Structure formats: C-alpha cells, structure tokens
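Going down the list, the protein sequences come from chains C, B, A and D.
Take -2 as the starting number for the first sequence in the deposited numbering and just add one per residue.
Take -2 as the starting number for the second sequence in the deposited numbering and just add one per residue.
Take -2 as the starting number for the third sequence in the deposited numbering and just add one per residue.
Take -1 as the starting number for the fourth sequence in the deposited numbering and just add one per residue.
A virtual CB, placed ideally from N, CA and C, is assigned to each residue, including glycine.
Below is one structure, written out as structure tokens; comments come after it.
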Amino acid sequence: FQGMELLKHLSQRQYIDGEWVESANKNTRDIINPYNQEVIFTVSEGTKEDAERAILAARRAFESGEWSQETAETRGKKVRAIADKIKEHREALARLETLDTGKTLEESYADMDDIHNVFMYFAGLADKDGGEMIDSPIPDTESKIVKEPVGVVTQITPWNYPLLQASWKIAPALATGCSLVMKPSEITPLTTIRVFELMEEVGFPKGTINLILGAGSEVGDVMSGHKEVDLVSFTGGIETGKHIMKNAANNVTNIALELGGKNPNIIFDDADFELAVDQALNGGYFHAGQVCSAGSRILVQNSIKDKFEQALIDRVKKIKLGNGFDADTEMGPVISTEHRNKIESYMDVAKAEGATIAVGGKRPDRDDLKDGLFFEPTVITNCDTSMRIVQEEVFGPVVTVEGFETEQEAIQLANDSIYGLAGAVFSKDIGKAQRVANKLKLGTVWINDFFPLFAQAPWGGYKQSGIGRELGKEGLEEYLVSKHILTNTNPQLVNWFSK
Amino acid sequence: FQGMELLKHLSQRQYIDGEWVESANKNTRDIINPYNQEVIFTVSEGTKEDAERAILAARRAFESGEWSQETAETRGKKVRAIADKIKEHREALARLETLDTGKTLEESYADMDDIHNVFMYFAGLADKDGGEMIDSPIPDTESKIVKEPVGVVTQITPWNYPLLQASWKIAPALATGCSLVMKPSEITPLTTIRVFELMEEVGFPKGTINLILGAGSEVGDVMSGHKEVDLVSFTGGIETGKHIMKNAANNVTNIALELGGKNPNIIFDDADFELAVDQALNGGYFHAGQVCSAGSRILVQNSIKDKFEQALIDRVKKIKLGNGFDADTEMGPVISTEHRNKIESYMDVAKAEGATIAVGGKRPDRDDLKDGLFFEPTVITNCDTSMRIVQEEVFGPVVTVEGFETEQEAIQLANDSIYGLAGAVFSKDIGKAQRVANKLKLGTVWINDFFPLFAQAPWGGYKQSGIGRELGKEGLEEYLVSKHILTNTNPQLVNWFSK
Amino acid sequence: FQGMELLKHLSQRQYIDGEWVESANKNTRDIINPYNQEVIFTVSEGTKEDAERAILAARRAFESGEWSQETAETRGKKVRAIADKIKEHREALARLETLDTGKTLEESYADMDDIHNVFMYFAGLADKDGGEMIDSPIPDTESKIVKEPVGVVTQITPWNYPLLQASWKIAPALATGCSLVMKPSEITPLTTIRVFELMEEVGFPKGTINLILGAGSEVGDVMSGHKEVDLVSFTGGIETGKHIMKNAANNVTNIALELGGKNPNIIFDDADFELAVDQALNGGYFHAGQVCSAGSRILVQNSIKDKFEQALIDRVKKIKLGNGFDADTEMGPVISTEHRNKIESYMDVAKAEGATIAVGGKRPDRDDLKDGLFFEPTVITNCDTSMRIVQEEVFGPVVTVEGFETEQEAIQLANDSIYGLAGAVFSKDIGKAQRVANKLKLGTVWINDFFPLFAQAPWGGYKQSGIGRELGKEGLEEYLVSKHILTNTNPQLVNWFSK
Amino acid sequence: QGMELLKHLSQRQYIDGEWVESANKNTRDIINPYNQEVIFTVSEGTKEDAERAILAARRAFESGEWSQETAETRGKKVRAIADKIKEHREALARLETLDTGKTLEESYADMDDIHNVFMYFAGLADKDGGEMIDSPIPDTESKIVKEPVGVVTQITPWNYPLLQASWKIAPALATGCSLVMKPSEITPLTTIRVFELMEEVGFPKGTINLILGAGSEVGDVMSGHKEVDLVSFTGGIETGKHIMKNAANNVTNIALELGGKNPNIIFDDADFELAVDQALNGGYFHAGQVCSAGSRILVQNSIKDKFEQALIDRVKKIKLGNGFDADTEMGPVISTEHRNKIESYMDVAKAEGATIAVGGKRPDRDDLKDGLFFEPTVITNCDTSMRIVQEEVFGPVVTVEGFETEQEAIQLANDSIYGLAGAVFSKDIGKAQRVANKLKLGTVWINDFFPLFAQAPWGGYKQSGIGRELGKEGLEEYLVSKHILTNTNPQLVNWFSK
Ligand SMILES: NC(=O)c1ccc[n+]([C@@H]2O[C@H](COP(=O)([O-])OP(=O)(O)OC[C@H]3O[C@@H](n4cnc5c(N)ncnc54)[C@H](O)[C@@H]3O)[C@@H](O)[C@H]2O)c1
C-alpha cells in the first residue's frame, strides 16, 4: 500500500522511564487509514498499570532534579534542538500525519511549519522570566516571588491534529522543567511516536518524558486522578472534559482544558464578498470540518443572504474529494466509521427539526470514494438558534447558515451557545468589526480572516470551550507555580503571650 | 450584653439586585458569641431560589455593561472609596468581628488594617494592565490581547476571618468590572453584612454586588453549579473544595480554591532560640489555631529538642485565656460546640495512636470560661508522620512536635503531607534557610518569621491546599480572561477550493 | 479682580530644606497678568547659590533615607494625599492658573482634573513592581534585579501649563522615593508655589522637596550641571534642551527632555467634514496655540482642500477673544510682550518667503483687547515644506494649510520635520487611519480626535521632540535604576593563579 | 604563530553591502601586544565613509526590508549568527588572543558568552510588542506599540572587542534597527570577522555596516550626524562626556557604558582563601584591563595585615607569558601608550605618599622584554583622598584600604564618581545583603566576582554610564514607544462659535 516505507522503522511500543516497552499484557491495536480502511500499523495498548508506572517515573525524575534543576538557558537549547529535528524530518512527519489522519499533504506540511515554530517559541521563552521582586509593605523584609515548574503533568490529545496538539503541551512542559506523561488519541499515535524517538535522540534524563498508548476509557482516569500528578492538560470533547475535571478533583489537581466550539463566521453586507465566500468554504471544510476552530456557524446579513447561499452552494459542488496524497484533493475523508455515523445521525436530527440539507448530507457515490470514510461537504439552511444542528458541535464537513438584520442581532446570535472558542467578522468597516469583536465572548476573534493562530499568542476558550490557555506567555504560565519567600532581615520577638 | 450597640442598626437581610430582602420562605438563623454562647442576632436563612435570583441579577447587570464597561480608572476610584469606609469605621468593625468570631480585639484591629490595604491595593491596580500587543509572525496583520472581566462570580468564605477573607475576593472582582454574588459562613455573617451596607453607600449599579445568607449545604450547589457563573472563588476546607470542583465541572466553570494546610515550622539548632519559641507560640495559638496559616507542625532539630520542648510547654501553661474585648486576653475561645467537639475527638485520636498530650488537651477549668467555647492551648509530643494527628488539619489550639537530624530530613518531613500552603524556617544561617526554602513545596515561605502576608504578594497553595492564587497580580488574573484579536490588514483569498 | 483674593495668603518665597526662604540676595521678580499686563504679585528671585543649597539638601535627605527607604505602600498613600489636595482646592488652583497664564477657566478646570488624576495614577503605581527574579545560567547562584529610586532629580517646567507639567514630574519622583528640586518658568510660578504649600501640609521629610524660583539664565546651569544631580527632567524649547544635555555631560548625568513639536493634523477627503473643522480649530487655537501638542501643521487632501480652507477661515473670524475669566471667551491672550513679538516676526518670515496670511496675522484693534497681549487667530495658506513658517514652531494661534494627493504623500509631509511629538488623523476609513498611524514618526497618534493625553499612557517624542518619556509606566522608569545582585550559593575557588 | 587565521581575513570596511577601502586609500598596522610585531594591515576610513555608511543605514531602515520583517524571522537570523560564533569558536578565540594578548582560555570564555548573547536576543525578539491600556476616556482604544528606534551607531573598546560588539549588534538586529559600527582602531580583527559571518547569514543591503578608523577622525560623525537615532558607546568617561555633548546637537539618544572603580569588600568572617583567590582574579585577569575589575580592595581592619601578607605573597607567583601558552596566567597590556599611562600612575601613587608593596614596573626576564608586559602590582598605605584610589588605572593594579565596620565599608565603596560593579565577601549572607542593597553599583556580586550574562542587565550608577546593556533593558534602548489612541465615537466639541 501507499506510505508503506514510512512505517518500516517506526516503533510500535510505548516509552516508559527511558525505555521502549510493550503493554503489560502484550495487547495491541490496529491503526486504520481512513482513505481505504486498511490496517496500516499495529501498536501496543497499555494497561492502567503501565500509565501508573510512567507517572511514578516522572515524579521520581522530577525530584532528582536532573531536568528540573537544569538551567533555564540549557532547557531552552534542548527544546530548540527538538525544533531543529522537526524541520529536519518535515517531509516524513508530514506524510506520516496525512497517512494517519487523512488530511491533504499540503495541510500536514503547514503543521510541521507551525510545530517547528511552536517549539522554537518556547525554547526562546525559557529563560526570559523567573519571577519578581516585591516592594514589601513591612520594613526590614525582603519579598520575592519565584516561579517553579508545577511538577508532573499528564498530557492528553485528540485525533484531528495529533502532533500539533502534542507540541502545544510538550514545549512549555520541557521549557519549564516539568516531567511529563503523554497519551495521544488511541486511533492516531503515529506522529506522536515519531516525535518521542526524536526527543530521545536529543537526549533527556530517564523519566522526564513518557508516552502511553491506549484507550482513554482504560488509562485516562489513572492520568487525571493519580495523586502524584500536579497538572492535567487535556484537549478534546466537552463531556470527556467534565469527566476529567471531576476526577482531577479527588486530589485537587489543576487542569487546563481545551474543548470544542460552535464558532461563528459573521459576514456583514459590506464585506469583501468573494473573500467571505472563500473563507466560509475554508472555515467549514478544511480537514473535513474536523477542526476545533472550524467556522461551522455562518451568520450572514439578510441584505446579502440570498446571494451568499447561492455562491456558497455552487462552490461546494466543486470541492474535490480524495486521497490526501493526491495533488488534486481539496478535502479528505473523516477519521472513522464511528465519527462518520455520528455525522450521519446529525443529518437525520436536522431534517427532523425543520432544517434543509441544501447540498451534500450523504456519502459519496463515486467509484473512487466508496471504500474510504468520505462524507460530502454540506450546507444547512432554514435553521435557527434553537435547533440542535445549530447548537451542537458536529465536527464534520457541515455548516449552517442563519441570517441577521443588524449588528446587535449578529452579536446576540454569535454569543448564543454554551461555547466560546473562536470566530471571525468580515466587513470593510473596521470600526464596526472592532465593535463586534469586543462584544463576542470568544477566546480568539479574527477580523477579515479565518484560522490564523500562532505561538506568540494564547489560545483557549471563554465559557465552556475550556479552562486555561495554551501557547504564548499564558500557555507557559500553566506549567509554573508561584512561591512567595519573605525574609525578615531584622527579626524581633513579638511578645504577645506571657512570660 | 457587651456588643449590643454594634447591632442596633445592623441589617438582618440578604442583598439582591439593589434591595435588602428577606428569605424566599422567611426562614431565619441565630448567630452566637462563642465566648458565652449567647444568641446575639437573627438573620435571614435564604433559599436556593434566592441564590438563583442573585446569580441571574448579576448576569443581567454584567451584560448591561454599567459596571463592566465603566473605565478602569473610575472602577478604581470606587474600590478606594470602600477602602476609605473600612478605615472610617475601623473601630466598630474590629469590635464586630471580635463579637462574632471570638478572636482578640487587637487581632481584629490588625485585620481591619489589612482589609483597608487590600481594597486600596486593588483600587490601585485596576487601571495598569489592559493586555498586550504582539509582534505577529504573519505579515500584514495586527495581533493583540485584551484582558476582560470574567463575568459573574460567586464568592464563598469561611468563619475564621470573615471580612478579611471577603476583602480578598471582593476587591479584585470589582476592580476588574465583574458582577459578584457572595455568601459567608452561615455562623459568622455580621461583618460581611456590614461591608455590604458600606458598599451600598459607596454606590454601585443595581445587581453588581449581591449578598446571600445561608448554609452552604442548602445554597452552595447553586452558587457552584449554575450555568451563568463564570468563576467560583472558594476559601474553606478540603472536602467542601472537592465537592465544589466536581459540581462546577457540570458547566466547565473556572474555580479558585483556597484550602487548609499542615504548615511546618522548622527550627534549626542554630536558630535564635527565644525567637523560635516566641514564633512557635504565635504560630500555634493565634486565634486558637483557627488559622489556615497556623504552624501546627513544629519540626525541631534533635540537638535542641528537649530544651525546645520544655520552654514551649512552660510558656503554654502561662497563656491567658479569656474574652476578646478584655485587653489581658491572649487567646480566645474556639468558634462552635461542633468545632470544639471535633478538636476534643482529635485528642483521643492522638492518644489512641501513641502520642503524648504534654500539656492542655482539654477544656479550661476556670469558672468564668465555663460558659464559653474554650479549649486549652495544647502541645503534643512523641509523635510521627504516620499518625493522623500529624497529617490531618486539627484547626485548634494544638501543635505537634517532631525531631529531625539533618537538613535533608527536615525538608522530607515538611513535604510529607498532602498540603502545601505555607511554612517557616528559623536559622541564623541565612544561606541554609534559603536552600531549605527552595525545596519546600509551599505557596508562601517565611525565613525567620511567621504569618506576614499582604496584598502586594500572591497567596495560595501547592498540592491540595489549593488551585490558583489570591492577592497580588496573580489574584487579579483569576478575575480576568484573555481575548486575542487578530486583524488582517490586507486580506487576500486563499483559493484552496476549486472555482 | 475677584482673584486678587487668591493671592493675599500665597507664599512669595522659595522652599528649601523644609523652610520658606527668600532669595540669597533678597532679589525679587514681578509677576504679570497677560490680559491687562498688570503686576499682580512679587516673588523671590533666587540666586545660583540657593540652587546649590537646594540640591545639597535633596542629597542629604536622600542619603538619610527617611523617604527613599520608606515603604512603597506608604509613599503611595502620600502621593494620594497630594492628589486629594488638588481636588479639594480645584477651584482656587484653576482660577490662579488662569490669572497667571491667561487661558480660559474652563481649560484650567480641565488641567486640575487631569492633575488630580496624574497624582492618583502614580500613587497607585508606587508599590506594583520592585524588580525581577532571573533564572541564572550559572548553577548554584541567585539572580535578582531590584529597582531603586535614581536619587536626586532636578525638574524644570515651562510657562504654558505650569502645574500640569509639574505634576508629571513630581508624582513619579515621590512615588519612586527620589528627592526633587523644582524650578518653574520664571514668569509663571503661582500654581507651583501653591502646590508646594499643599505638599508641605501632607508632610514630607526635610529636603525631599525643594522649590527654587528664578531665571533659568541665572540658576539653570546649577540644576543641570551640579554633580550631585542624578537626573534632569526638562520640559521646554529645543535650544534650551540641547544646552542642558551638554551641561549634564560634565557629570554624565541622566536626562529626560520634552521639547517642542510641529504636529501634523492629517485630514482625508473621507473624513467627517464638520468634525475635521471642529478639531482643526481646537488643535489650532486652544491656549492661543501655546500648546506643545498643538495641531499647527494641517495637511488636507487636495479634493476637499478649497472647501476646507474656506470653512476654517470663516470659523476663525468668529473666534471670540477676551478675558480668560469671562465665560464667553473662547481664546485668551498670549503670555508676554516678548512672545507676542516672536509670533509677529513669524508673520514677516512667512510673507517674505511667499506664504499668504489668509486671515489674522496681527494684534486685534478692538477696544477691550487693546491693553492685553492679544493676537488674532491666524491661518496661513499657499505654503510648502521648504518654508520656515511650516518647519519651525511658532507656538501661537497660527496654523499652516498644505495639500496632499495620496496617502504616501501625507505620511511623507507629516514626517518631514526635525520634530515628532504628536499628531492626528481624520478619516471614516479606520483601516487607512491605522496604516498612516504606523508610519508616522510620532510618540502619540490620534485617530479621529485631537489632544487626548492621560496618566495611563506614556508621552514623549521621536526625533528632536525629546528624550525619554513622561506618564505611564515608562514615566516612572525615568526615576528608577536597576541593580543586578548575583549571589553565589556554593562559592568555590577558581585556582587560576599559582600557589 | 597564529598566521593562518589572517590568511583569508578581510582588510577592508563593510558599507552598503560591499567590502570597500577607505575613501583616501589610507591604512593602519595592527599589533600583537606579546611581541609588538605588526600582524595585519587594514583600511583607515574617512569621515565621509562614515557619513556614507550612516546614509546607507537610513535608506535601508526606511525601505523596511529589515525593520518590517516579522519579529520571529529576525529572531531566526540572530540565532544563525549565534551558531556561526560557535561554529568558528576556535578561530575567533585564537584571533582575539592574537590581537588583544589575553590568555586563550579567556578568549574561549568570551566566545561561549558571545554565543549566548546572540542566542538570548534571538529568543527575545518576538516576545513583547507593547501593550493595551485601559483608557480613562470612554469610547477610546489606547495602545502602545514598540518600534525600532532607527539608525544606530555602535562604538567599542579594545579590551574585549567582540564581546562588547555582540552586546550592541544582537539587540539592534533583533529589534529591526539598521547599524553602523566602529571598533577600537587597534583591535578590529574579530570585529571584521564577525562581519564576514553576518554577511554569510544574509541581511538586506544597508542594515549592517562596519567602519574602520580612529575615533578622533570619524567619531564625531558617528555621534553628531543628524540621521543617527541612537549612539551606543562603550569606552572611557572622557570620551563619554565628549560624545554626549556632540550627540546633543540633534537631541540624539545615547547609551553609555564607561569605566569603574569597583570595590571588592572582604570582611574578617569571609572565607579567607576564597577572598584571596577572587581578589587576585578581580585584580589581574586580562592585566586588569577589565571594566569590571576589582581594583579597589576594601578589607576589614581585623584581618587587613593578614590579607596583605597573603595577597602580596601570591602576586609574586603570578605567571607572565604568551597568551597562547597554557601556563600563562597573565598576558601583557595592550599598547606602549597604555603601559606608560600605568607607569605614570605609579609615580602619582608614590608622590602622594602611597606604597608600592610589590610590582610597579616592567619585568626584566629575557623572554618578556619584547612584549608590553607590566608586573601585577599592589599598592598599600593609601586613602580615599588619593588619586591612585579615585581614578581608573586599568592596569594590573590594586589598592588596599582598611575599614572598621559595615558602615565604613559602605561609605568608602561609594566614595568615587563611579558605580558599575562590585563584590562583598562574607559567610554572613544576611550582612552581605544589607551591604549589597546600600552600594550604588549596577551589579553586586555576593561571594563571587565577574559573573554577568545576557539574561540580566549590565550598566552603571552615577558616572559609570547612562542606560543598560543586556537583559530586557538592553533591548529597550533600541526601541521607542508610540501611543495610538483611537476615538470610536467622535463627537464635536463645539468650543468655538459657529
Ligand atoms: N480547544 C482546542 O484547542 C481543540 C483543538 C482540537 C480539538 N478540540 C476538540 O477535541 C475534540 C477532538 O475529538 P476526540 O474524539 O479526540 O476527543 P475525546 O474527548 O473523544 O478524546 C480525546 C482524548 O481523550 C482521551 N480520553 C477519553 N476518555 C478519557 C478519560 N476518561 N480520561 C482521560 N482521557 C480520556 C482519548 O483517548 C483521547 O486521547 C473535538 O471536540 C474538538 O472540538 C479542541
């Protein structure tokens, strides 16, 4: 099959306490290629005991200090060498990801560029701020705040952008001096396995980094609830996130949650019309709409609603579907039969509550798409804010279209959801765009663009799209804890109690 | 009775959406003075629907923008007007707090001075950091982060220092423009009711501040679990904390937890001895040990242990118990019969597992204390880290004493608990105190001192003593949320999808 | 006037080392009211030995540490007391400023409000940052940066906005713990004398604050050149600033300079026309253009140029000149015969090089303005960037009008001067306003507004408009110096040199 | 000996992307201080070459190819220079030792530091664009954007040519400024090399420029030209005063890093052997030609005599020789003029009643006669009123003074026009900290001497300078703030009659 050579030397095992090792029970898992449903690889399926052992090794390593007591400058140099290795093997990593997740090759190349930059950013931030000096309000005292690594941290990622979500958590952890245990989505472990071999070549002490492979239903709880864990950085669906928070509570453990969204793409009548159409398509269908920042909820002003529906619909009929390795492919398949069915059930929900499937809504007929997990890019019209298809995250190549009369009605509709991750506003009137952006309860607002995000700036949600932040200085602040040391430079007896 | 004048004009009601109102079911509760167990006041015992009403009132107010959109400079002027009212009524407040909680009048004066200072600090911080500008990695884009108020916030406090703990939550909330709903310990609401009366006089838009009165076992779940709350700031026991975090997870709601501690007080043989004895007494018996920062776990170096034990014990026999208002009084009563019962049960625990009650460990015998909730300052010896009396937070006028041979052993013991709030180190060798300070997993560390904490510096725990911080800039950030606004100054079509 | 009452209790003396004292040689100076040219007051004219003595007192005090070593919190409380003194006495101060400088009362009330806010802003910034903790690249070392008060600072202000300019220097100086010696313009000392009376009431240690009254030509070289001066903060004309810098080099003394401006006011054809005219007038004739932030150089797009000129000209004819105390007055007189003379000489220079005096250009003939130092609001047309009238600062009620075709041309002209203090831009296309603002070499840029400046943000020049900043956090940093204290926690011999 | 390095080294200046000769074809011979022999010949630039350089910097800066490049990319480029320093570590270190005469091990320390300086600023490039202010005016957005200052001129001394050059180049490039640099006329070698290296990395035409020449011929143009936005100068105080004065003609910002009279304070409760070791190190590394040298030793009276005895006895054993020999502990001083300047101070010291306890002259040994060597010296029986104690000698010389108490030590240490760096030795850390706080110095070392790194700012209090180098503060010298205030609901004032 295609991509076969990339897998010839990849590890099938987990990585615990400095060694590549199997599952405690030698159980394994088959890895699927959503383009043809062929098994392409077989990796270990760790037990909860393996996860426990990894966590304990992380703690043991953290306490020894080899990495936590290493200078911030040096840690930065090592995070920077990881970055150099991403770029060195950019070609192989990009394919590996396309093969595992199904997105076009061009999309996977874009990630290796971001990933390189993500580690590169944190490598440079490592030695830039160790805390602060406070002007004490008590005479003859010195007051200071030192920032230390939180300790041991568990990192859990989703299947849509595996190595990308991994790097967002890995970079700051290592930059701060923490020891980490990571578990990628059970269905997309390929690139995460590669990066560990890469980090291993860079050289880290035994137990600083550990990789667990397995179902979240079996090892997850261990990772969110073990008492030696100080931080749990999770990226995934909301329900799994609530589970995690409640279990983390058993030992009052900090969390950082990066959940889903119902991201609005607000289009005013004075917008660059062809740009708005270009970006609606992009927002709704890159990686088959399996993107947490996908613009699945299009809000379009009534004056141009009709025209907008026609243009969008006509462009969607031309979207090329195929293998990610094919140069023509604009949109790939969805990740699994489970996920595909999930999306299919949403078409029945929509139809049954009053919405119109304007186009798509089914599997591709074609002779060259029948064997893959493809689903037609779709547009839903005649829907409103009370419908489940509009309120809930479908996480597929689906978008809804709602109209608004005014600027107030646009904000009202965009903020009318449990989520608050990201969104955009298209308009040539920047004063109006800036007004709107200020009233939107979103972690990230794009004015006349859709998708841009980078290490220099924090990413995360308002409301139920999350807790905490990733990337930028705040992304780093998650892996740090503050200690206030107050010295009394002229101690004196208080003499409150009798003598 | 002694403090009658203080209550002849005090309100007995809840404060919701600009009005002083009773409970939904006219239910009420009696508040007592722990020095004599006399009922001194009757207030409303509100319901969960009242709580829901407050939360909704705070939500409306926040969305109207009357406080949330007020300039940060003006918000700061009003927080400063509150600080001014604390100082203006300083006398009456300290007396009120002492009447309700039993602590000495001098301690209550100290609180009032800190409360003024807290509001003043945050009044002063309101307008200094609106967020940042990012040098964007994408040409022709403007990247910026704006810091916004988090929204509606619920604030829950303990009975030990009611107003002090309330100030730490109210000040930053207002400073940032959030709407708040507060509920103090059901047994100590007097000073909290008072400060609401004073914040009313300062002047705030309807629904911006709200006071709920009632048992947390009845109205607490609403304040932690309602979908409209954006943050729950909690200061109390660990189990209530875990219960709250699990509940807040139902709507992925931010939590800030300030829990208890098992604070070590380390005393080296090269420490100023009379200084150590003085601060060990203060650390152990201020407010009868009903203090989250109490130095309940004394670690003394073996070469001076016997000498230390007898001095400490000799001084404990001389501690003057009595009424808070009386100047000669050095230690007051404990808060309730339930809490004294809990402390009595710990003496039996200590004895059952092999420890020695070297002094105290019972009710005082004197005739004038017979009616109050007094319990003798106690010193427990011949104990170790495997015992419950050493591990668990007694929160009474009780300290345990353990020995250590070396520097490595003092630290090991100090970190051998699930907590990590605060601690102290006593030694004339400042290099050594600093080494030790750095390995101590505590939020705050005192070198040759015990207790100092002020608005200028963050406070909170490592491990299970908490999540997040109060005071300082970190404290302010719990009430703020970051939004990244990216503008494409030269938007261009991507043309990924076929035309 | 009703304002001669303001003066019956005002000090006529200098303030040195805690005492109100006369000149060393008892010399005096007569102060003038520009509306009628009458001598309203008489004060001490200090000698160069009085200045030397003031600086020596400020040094003595700084070293004793009564103020420099006081807590930052307490310093902030005092700066806050001064701010309250400004508000209490707002009325009297505003009248006094109008009496002394000729501007309207409405303008002086505005200054007093700003002034209050300046002291308040800095009171609150005082205790917010004492330095940083650095993560050292050398093992077994601690690295911290402490911010200290820079020491003794001399402060020199201009005659246009005496107290305002003084507030900008005093506030951070006292907040950071420095010692200051101030000298206001010799012709406008009234408000400055008053504010020293007020600062004395709040109470500061002897030496901390010092007031010298006198001609810069006599005592200025001592304030810039004495070796005990650590910083020299000057606000005045460019030629005096150059002289000062050169003098400060004798002892490598730090400098902060706020010089003049040739501030452009850019008006695109897509601007709100009536807003543009309103603002062009305001920027042009507030305080008879005797403003360092005055929009003297109007740049207007060609397509609306004729229409704009005519519109501006018609409005200028109606400007009402008179007494600053009369409510009908829109623009008062200029400061002195000398200053008026300078402006007049500028009308000749303009004419001889080919510009047109489209309106104004002379003293008003009117009967009630006859005895005053008035000068008609003027508009100069048919001018270009090579002309002196356009390149140089007139500092009068005069503006030059120049056309531009494109966006690049406006940017090129706006930036074609030796200056770079401030500027504005008017256009309904906010996108375009941002592009322009980015390319203007100016410390402050206004989009659709003119004159806004406040304590929360830094003010100062680019190019020859100055060195350093005033206001905001950067304003405070002028009064601080950094110290890297590096401690070696495990000192070891190097053994480079033989035994 | 180290002939091989120079074989392919450029002899010319670098202006507007071309390696070019002086306008008047003039040249200058470079010397190896160990043997006073001519090792290389370079161009002697004119002041018009300097004016041409500056005008090129201005053009490039305005064209925006570097000033408007993303901060992230600029950072990657600074990192590429960092890497070339490591790549050529060996050569550069031999080259610095050949030109300046210090030991090879010192030159290695420099290159490691130089790598880390570039690396640090490469990492700081994109971390802070400015800030959002909470405007007190309703319906207004307020933001402070940080922009590159403009054209910057950079001038360095002969003691640590490349080290001092790196402290200026790194932040300039990182922020997007354009530059024109001039090294000391006698030590231009490694600076010419670092330019050949920067050229291989790639920067647009005009961004970086190198002028070669005497400060008394081209220096005024670099401090006084009106197109210059900032003057970053590291050198002597007197030159410092001159430059500031000239820079004032166009109100041009300046950063000054000047000399010091750094105190090395030793209390009786210090680790005695640790204090003797570090006193030798602070006084004689690079033959005391270090801006951070501990030339003013202050020792508590109770151990003063003991310390003098020990120090002197150790100074007598200091190995003098060729910087290329592993045995050499101290090399020669830089030039004939600098050695005579030090000799004249010996006369001054003896004339004012001080004692030359040991050293104070050239060494006679046959193999050291052809080099610019001067014996490590120790001057006793002196006081704060004397010149030997108040002025920067910059030779291998120390002065020893006694102090009875903590206050007297503090008083003497601050009793100079300077305030750059200093040390405090004592096992009592509490005491070291009270002292550190009261010393008016840019950097204070507790129980150590010399540490300084990119992570923390370096500069002086009092007359040791204006501004800072290194750390975030050193970057801020190359940036200027712009307050952009937008009114989002403008309304007419209607002050003036319609
Ligand atoms: N906020 C963001 O930055 C962001 C980015 C990408 C994706 N997402 C979201 O992530 C989701 C991706 O889908 P997914 O199916 O991978 O998410 P998921 O919630 O199904 O699972 C994600 C990860 O959690 C693990 N897991 C499952 N149960 C667990 C448990 N009890 N304890 C611990 N771990 C457990 C899974 O094995 C997997 O590794 C989408 O909703 C998308 O919106 C968010």
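The alpha-carbon of A/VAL433 is positioned some 37 angstroms away from that of C/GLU399.
If you check the CB distance, B/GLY62 and D/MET130 do not come in under 8 angstroms.
The criterion of a C-beta distance shorter than 8 angstroms is not satisfied by D/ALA21 and D/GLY73.
Beyond the five residues adjoining it in sequence on each side, A/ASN251 comes within less than 6 angstroms, by CB distance, of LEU228 in the same chain, given in chain order. With 16 or more other Cβ atoms from the protein chains shown falling within 10 Å of its own Cβ, C/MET179 counts as buried.
Within 7 angstroms of the C-beta of C/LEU208 there is not a single heavy atom belonging to ligand 1.
Within the stretch 138 to 151 of chain C, the residues whose Cβ lies closer than 9 angstroms to some Cβ of chain A are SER140, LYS141, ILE142, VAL143 and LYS144, listed in chain order.
The closest heavy atom of ligand 1 lies 7 angstroms or more from the beta carbon of A/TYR106. For B/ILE52, the enclosing alpha helix (DSSP H) starts and ends at 45 to 61. DSSP places A/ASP27 in the uninterrupted beta strand (DSSP E) bounded by 25 to 30. Distance from the CA of D/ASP381 to the CA of B/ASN279, rounded to the nearest whole angstrom, comes to 50 angstroms. Contact of C/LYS125 with chain D by beta-carbon distance below 9 angstroms involves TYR118, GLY121, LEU122, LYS125, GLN453 and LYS470. Close partners of A/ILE131 in chain C (Cβ separation under 7 angstroms): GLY127. If only complete runs of 4 or more residues are kept, the stretch 318 to 356 of chain B shows the alpha helix (DSSP H) at 334 to 349, in order along the chain.
Relative to ligand 1, C/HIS284 has its C-beta separated by 7 angstroms or more from all heavy atoms. Chain-ordered listing is empty here: chain D has no CB closer than 7 angstroms to the CB of A/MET109, the nearest sitting near 15 angstroms. When the Cα atoms are used, D/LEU439 and A/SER479 turn out to be separated by approximately 9 angstroms. Unbroken beta strand (DSSP E) runs of no fewer than 3 residues, entirely contained in the stretch 356 to 407 of chain A, are found at 375 to 378 and 395 to 401, following chain order. B/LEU187 has a beta carbon lying at 8 angstroms or more from every beta carbon in chain C.
Around the CB of C/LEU309, 16 or more other CB atoms lie within 10 Å, so the residue is classed as buried.
Two segments are said to touch when three or more pairs of C-beta atoms, one from each, lie closer than 8 angstroms; by this definition the stretch 167 to 183 of chain A touches the stretch 139 to 150 of chain A.
When beta bridges are read from the DSSP output, B/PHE265 appears opposite no residue. Just so you know, the alpha carbons of D/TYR158 and D/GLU474 end up roughly 23 angstroms apart.
Between B/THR397 and B/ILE295 a beta carbon distance of about 7 angstroms is seen, short of the 8 angstroms cut, so the two are scored as contacting. A distance criterion of 7 angstroms places the beta-carbon of C/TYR459 beyond contact range of ligand 1, judged by its closest non-hydrogen atom. Note that the C-beta distance between A/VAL40 and A/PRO186 is below 8 angstroms.
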